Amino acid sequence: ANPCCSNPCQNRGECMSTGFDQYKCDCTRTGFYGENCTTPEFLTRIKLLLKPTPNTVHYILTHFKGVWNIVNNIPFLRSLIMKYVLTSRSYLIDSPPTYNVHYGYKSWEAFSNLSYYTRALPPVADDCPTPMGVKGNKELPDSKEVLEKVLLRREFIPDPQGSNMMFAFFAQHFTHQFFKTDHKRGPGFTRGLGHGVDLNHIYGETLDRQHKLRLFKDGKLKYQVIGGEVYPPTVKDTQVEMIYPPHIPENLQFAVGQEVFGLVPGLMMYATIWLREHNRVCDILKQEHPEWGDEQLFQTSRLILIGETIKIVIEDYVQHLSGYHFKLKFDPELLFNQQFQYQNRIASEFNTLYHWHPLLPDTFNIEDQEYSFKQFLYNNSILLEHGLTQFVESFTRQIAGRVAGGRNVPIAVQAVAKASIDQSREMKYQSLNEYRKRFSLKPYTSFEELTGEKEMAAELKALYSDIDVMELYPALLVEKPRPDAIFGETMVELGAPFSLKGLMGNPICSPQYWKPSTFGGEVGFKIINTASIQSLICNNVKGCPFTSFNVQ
């Protein structure tokens, strides 16, 4: 019934009803005018001509390795390029944030209520005739059918980019600080009220939890020593709430910042590494500042680890994922003469797209062992069994699954994939093609264009009938990958903006924060500016084993 149900307004124009069956588009600052904001302004037409497609740019970034080799070595050139990747991306994100699952129009409630995930696109109104607005049938295709026909893995498909298990578990661990759905409220709600990289997954969401985790000497976090090795403390010792099945012995109930991290030994591996890093940085700071107390050692270390985290995410993690020959750089100063909002709100869609479960192998291979999901889940004995060094060595060698390209979701986790589909609908997501437009990409004109093949395309076509009715989440996992890449166009073009915004939007990246004194001086500052996934493991894992995010 809502006359905006067809999503009439193009180019980021906003639709507003002007009567029971009339609408109007607000084209303010879109660069277009006309009833649906589809008539371009002169200068807009120019820009459109001189604008290369994302696939073109991606090609240039992943080719001409010889040129990039030169560029990467000319500091002012590298800075110029990175500044452009930062700025071009962030303009795609609304900041201050706008919509959420309950508000398809701006409101103080949607702005002020931090318990919601924000929305890059507003929900389809409740009184629209179809799930996607006006197109398609009264009901989307059976989600089980979609799951089984195009999502579920038959044979394991490895990632051509060589992503390993160190990568997979880093992705899970890192993102699960800001992807923390409040299932008590619903899929559109979050428990991560910092809406970003605050390391609550190490330190805790709340002050009370943090204090239980802290030693209150030398700024350190509590820990225990088992077989000469440092591990997180127990629930019994700390009284912090953790999720564990009832059969887990108390001496194996490790207590960490994120209550869910005991559920996978790969998570507990990173939990342990970072715990160690924190206490390590505490020793460094105490040496520089024998005058400092516990609070200041703890707080400064946390700030340093936030910096290390962002550093590693950009220059190692995203570097690997991108396949760019251009060398990405973590440098807050690049934005100082630029318009940029030092804030962020986690988007529901960012969460949805990040369900990268195809990464998971059929078994987890540590040393001589090959563990099944059943044996791997909630099983910290495995970690104690082999130890950190062996986890790193093994996980660095084991290849992860390809994410886009279709049919690679492990059966063990099929319920999670079905829930991603069902909850997207529950949250009234607009279609894949609406999202594509929202991020300046060309709508797909057929299912075959989407997948780049014929078989899955045909199954999808029989299910959905209309490409404009296809759903974002299934599309992401079925999309034609970039050549020999882990992802297709839509994953990168939505993901990159959300990501860089949450990284650079952090307050430590602001001018008043980004200076040596913030981090206890030049020594603390250097820890951030030289951080890497390798140094993180070298300093904190016995034997300083070699590591990487790609299979060697």
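Start at 1 with the first residue shown and count on from there. Only the largest set of C-alpha atoms that superpose within 1.5 Å between the two forms is called the rigid core.
Here the rigid core sets the fit, and in 6 other deposited structures of this protein the C-alphas of 87 to 95 stray farther than those of the other stretch, out of 129 to 137 and 87 to 95. Here the stretch with the larger average CA B-factor, out of 135 to 143 and 404 to 412, is 135 to 143. Look at the C-alpha B-factors of 82 to 90 and of 203 to 211. On average they run higher in 82 to 90. Sorting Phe174, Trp356, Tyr371, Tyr103 by the CA temperature factor given in the entry leaves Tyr371 at the top. Based on the entry's C-alpha B-factors, the most elevated value among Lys327, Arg345, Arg276, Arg191 belongs to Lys327. Looking at the C-alpha B-factors along this chain, the one for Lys501 belongs to the middle third. Sort the modelled residues of the chain by CA B factor and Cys509 lands in the lowest third. Split the chain's modelled residues into thirds by C-alpha temperature factor. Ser17 is in the highest one. In the PDB entry, a CA B factor belonging to the middle third of its chain's modelled residues is recorded for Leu321. Placement of the Cα temperature factor of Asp182 within the chain: middle third of the modelled residues, per the deposited record.
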